[PDB]
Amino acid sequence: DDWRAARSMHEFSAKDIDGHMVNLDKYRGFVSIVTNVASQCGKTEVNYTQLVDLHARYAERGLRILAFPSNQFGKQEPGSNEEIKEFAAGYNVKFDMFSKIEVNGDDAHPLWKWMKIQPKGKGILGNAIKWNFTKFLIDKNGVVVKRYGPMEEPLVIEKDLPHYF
C-alpha cells in the first residue's frame, strides 16, 4: 500500500520549515491551498503578497495555505529552510511554511505525487508541475477540487473559495 491508494490530503505528513513533522490531518475541516513556492522568481512578490491577502481575508472562514518551497524550477529557491523561513516572514506570512521538497520525479514528496494524479489535479496540459507557484485547491475533506498554474495569480482562486467553504 502506497500513496496511490490515498483518499485525502489528510493522510499525508510533511516536515514543517523548522524540521518538525506535521500530520496533515490538522487540515480536516479546512479548505486549503497547497502551493510550491520559490524566493527568486519574477512573480515571487505577487504570489506571496496575494497569498497573504487571501489568508488575511479568509482564515476566519477556514482557509489554510500550505507552502512548499522547491528548488526544481530555475534554481529559484537555493537557500536553506531557515533563509526561506525568514524570507516568507518578511511578507508577513502567517500561513504554514514547510521544508523544501521536490515536486516532480521519483523523489517528489508523496503528497505532490498524489495531487498530480487526482481527477481535478491532473493538468489540462499534463500532470507535471510546470514551474514555481502552482496551486491546488483542496476541500474540507482533503479532496483536490481545482488546479491553478504558475501564470494564475492567487487572487483568481478567490472566485472559487465560497463554493467550498
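Each residue number is its position in the shown sequence, starting from 1.
105-113 and 53-61 differ in mean CA B-factor, and the higher of the two is recorded for 53-61. In this entry, the higher average B-factor at the C-alpha atoms falls on 155-163, of the pair 3-11 and 155-163. When the Cα B-factors of 135, 120, 130, 100 are read from the PDB record, 120 comes out highest. Across the residues 66, 31, 38, 125, the deposited record lists the maximum Cα B factor for 125.
In this PDB entry, the Cα temperature factor of residue 17 sits in the middle third of its chain's modelled residues.
Per the deposited record, the Cα B-factor of residue 142 falls in the lowest third when ranked against the other modelled residues of its chain. When the modelled residues of the chain are ordered by C-alpha B-factor, residue 92 sits in the highest third.
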